[PDB]
Amino acid sequence: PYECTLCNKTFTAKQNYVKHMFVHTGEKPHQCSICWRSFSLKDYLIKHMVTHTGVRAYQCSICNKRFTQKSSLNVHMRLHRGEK
DNA sequence: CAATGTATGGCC
DNA sequence: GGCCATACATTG
Ligand SMILES: [Zn+2]
Ligand SMILES: [Zn+2]
Ligand SMILES: [Zn+2]
């Protein structure tokens, strides 16, 4: 079972374990070509670029409202939830 | 592995 | 309320 001994935390697979340990280094090699903000992992930088592009790719199919991140949309769906 | 999905919470 | 970073997951 993959486990970070600093946090005492388990991971299901190796990939997130390696990413977690690299975040533990403190290094931020992935930088934005626009605002020069640096990031631990490329995943985070990819999500960052949407703030510059303005694309709200994630749309509620109930009320047509649009969102920057899928997580925001998922949160929003709790508002339509509560009606059977 | 990358892509995609979920979850959290400070900040405006 | 949602933007946004951060951090975990499963899927292909
Ligand atoms: Zn750790
Ligand atoms: Zn930037
Ligand atoms: Zn909606």
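FYI, side chains are in, hydrogens and waters are out, and symmetry mates aren't considered; it's all heavy atoms of this structure. Residue numbering restarts at 1 for every chain, and letters A, B, ... go by the order of the sequence lines.
At whole-Å resolution of the value, CG in A:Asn74 and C1' in B:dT8 are 12 Å apart. A:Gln59 places its CD atom 15 Å from the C1' atom of C:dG2, with the value rounded to the nearest Å. The interatomic distance linking A:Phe11 (CZ) with B:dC1 (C1') rounds to 17 Å, in whole Å. Protein atom CZ of A:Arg56 is 13 Å distant from nucleotide atom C1' of C:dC4, rounded to whole Å. Across the protein-nucleic acid pair, A:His24 atom NE2 and C:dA7 atom P stand 9 Å apart, rounded to whole Å. Taking atom NZ on A:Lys42 and atom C1' on B:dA3, their separation rounds to 11 Å, with Å as the unit. Look at OH on A:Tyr2: it is 13 Å from P on C:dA9, rounded to the nearest Å. Distance, A:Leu41 CG to B:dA2 P: 11 Å, rounded to whole Å.
A distance-only check finds a donor-acceptor pair linking the side chain of A:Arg56 to the backbone of A:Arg66 [under 3.5 Å].
With distances taken from any side-chain atom of A:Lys70 to the nucleotides B:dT6, C:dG2, C:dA5, the minimum falls on B:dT6. Closest contact between the side chain of A:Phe67 and the listed nucleotides C:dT10, C:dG2, B:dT6 involves C:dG2. You'll find that the side chain of A:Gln69 is closest to C:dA5, out of C:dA5, C:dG2, B:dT6. Closest to the A:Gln15 side chain, of the nucleotides C:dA7, B:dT6, B:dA3, is B:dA3. Listed candidates were C:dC8, B:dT8, C:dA5. Nearest to the side chain of A:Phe39 is C:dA5. Out of C:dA5, C:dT6, C:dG1, the shortest distance to the side chain of A:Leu79 is found at C:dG1. When distances are taken from the side chain of A:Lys9 to each of C:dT6, C:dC3, C:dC8, the shortest belongs to C:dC8. For A:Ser71, whose side chain is taken as the heavy atoms from C-beta onward, the closest listed nucleotide among B:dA7, C:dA7, C:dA9 is B:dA7. Distance from the side chain of A:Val75 is smallest to B:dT8 among C:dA7, C:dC8, B:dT8.
For C:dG2, neither phosphate oxygen OP1 nor OP2 lies less than 4.0 angstrom from any side-chain nitrogen or oxygen of A:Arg66. Phosphate contact (OP1/OP2 of C:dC4, side-chain N/O of A:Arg37, threshold under 4.0 Å): absent. Contact between the side-chain N/O atoms of A:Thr68 and the OP1/OP2 oxygens of C:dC3 is found at a separation under 4.0 Å. Between C:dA5 and A:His48, a contact under 4.0 Å exists linking OP1 or OP2 to a side-chain N or O. The phosphate of C:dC8 (OP1 or OP2) has no side-chain N or O of A:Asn16 nearer than 4.0 angstrom.
Between the CE atom in A:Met21 and the OG1 atom in A:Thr5 there is a gap of 6.0 Å [rounded to 0.5 Å].
When only modelled atom types and interatomic distance are considered, A:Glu3 and A:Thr10 share no side-chain donor-acceptor pair under 3.5 Å.
Side-chain rings of A:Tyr17 and A:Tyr2 approach one another, their centers coming within less than 6.0 Å.
Minimum heavy-atom separation, A:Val23 to A:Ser40: CG2-CB, 3.7 Å. Of all heavy-atom pairs between A:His30 and A:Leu41, the closest is ND1-C, 3.8 Å.
A negative value of the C1'-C2'-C3'-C4' torsion places the sugar of C:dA7 in the southern pucker family.
Nucleic acid contact for A:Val23: sugar-phosphate only, since backbone atoms but no base atoms lie under 4.0 Å from a heavy atom of the residue.
Side-chain atoms of A:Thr12 stay outside donor-acceptor range of the base of C:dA9, with no qualifying N/O pair under 3.5 Å.
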